[PDB]
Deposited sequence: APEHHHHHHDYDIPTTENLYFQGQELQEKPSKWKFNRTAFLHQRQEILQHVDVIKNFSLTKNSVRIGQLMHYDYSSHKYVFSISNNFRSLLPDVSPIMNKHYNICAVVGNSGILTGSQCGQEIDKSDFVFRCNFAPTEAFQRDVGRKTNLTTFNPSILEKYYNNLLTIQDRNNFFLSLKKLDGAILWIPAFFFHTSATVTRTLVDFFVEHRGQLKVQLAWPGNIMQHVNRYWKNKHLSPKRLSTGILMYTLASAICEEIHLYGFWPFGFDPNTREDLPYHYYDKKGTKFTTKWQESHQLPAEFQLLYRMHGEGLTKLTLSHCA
């Protein structure tokens, strides 16, 4: 039914690249930051600052981790409840490169969401929420094990979006310096990029207060993927085919009611992505996989 329109997709890539230098904006690099440089936050008051230490700099890549990288079929996996029961895991995993959002869980869910991960996003506040600030031996071990399971994937850490990341960022940095060379995970650390990314989408008449992580990943993926397939983008509380109630996340327990805690216009994002699907720019999966 859906048919890829490569030429229209590549036009979109070029338009994105006119506003966002994706390869550079993907991560700060060692030679682009000074020790002691003061960072501000994309989404908080200008008064919040964060000084880049020697140790932080030592974790930056030398070159962009996506410099001269090319993947034919990419999956970008959002976290919608539409994925529960979809059995999309095999198809997702056939992709050359899989992007995941907010360190989402795969363990109990691989039949639906897959096991392949080539990039996952990681707000430093994950450490506060799920790893008790790496205070104890058990917390440190649990975090280490989570990282080891990612193997050589990219861990894409936006430490300069929300000022609430600041104190936990030092804990994350210190963990990684301490464990230097024990993990194969590739660290990537975007700087202040959301002004650039917002400019592309504003011209397409999408101007929320904040773009979602999913659409940010689409944006990055456009530069290095030949063809993008979206899964788990469905910001609604019912299944479009069966009409059954859905939770917000695929990992929510069965029966959880749909709720949004927004700063996002997800339905506005979805509408535009769905238009793009119709134009053949990208494939939005909204049904069980075959």
Worksheet entry | Unmodelled intervals of the deposited chain, in order | 1-31, 293-294
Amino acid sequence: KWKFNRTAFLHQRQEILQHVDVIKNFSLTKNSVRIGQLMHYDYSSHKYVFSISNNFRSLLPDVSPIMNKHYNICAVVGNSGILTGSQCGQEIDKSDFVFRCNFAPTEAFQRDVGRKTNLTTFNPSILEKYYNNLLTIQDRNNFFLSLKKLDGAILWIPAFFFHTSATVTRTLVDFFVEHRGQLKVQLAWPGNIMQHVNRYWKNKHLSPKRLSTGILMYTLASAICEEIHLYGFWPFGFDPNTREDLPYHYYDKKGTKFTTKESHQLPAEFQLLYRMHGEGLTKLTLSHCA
From here on, numbers count along this sequence of modelled residues.
Worksheet entry | Entries skipping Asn68: at least a third of other ones | no
Discussion item. One third of the other compared structures is the cut-off here: is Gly255 left unmodelled in that many or more?
Written reply: yes
Response to the item:
Stretch with higher mean Cα temperature factor, 141-149 vs 197-205, is 197-205
Worksheet, complete the sentence: Of 234-242 and 252-260, the stretch with the higher mean C-alpha B-factor in the deposited entry is 252-260
Worksheet item: Hey, out of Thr29, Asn68, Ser44, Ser58, whose CA B-factor is highest in the deposited coordinates?
Response: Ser44
Worksheet entry | Given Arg100, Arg210, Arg170, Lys116, the residue at which the Cα B factor reaches its maximum | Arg210
Fill in: CA B-factor placement of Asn25, once the chain's modelled residues are sorted into thirds
lowest
Practice prompt. Please rank the C-alpha B-factors of the chain's modelled residues and tell me whether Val33 sits in the lowest, middle or highest third.
Written response: highest
Discussion item. Please place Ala108 in the lowest, middle or highest third of its chain according to the CA B-factor in the PDB entry.
Written reply: highest
Worksheet item: Going by the entry, which third of its chain does the Cα temperature factor of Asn192 land in?
Response: middle
Worksheet entry | Third of the chain, ranked by Cα B-factor, where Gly181 sits | highest
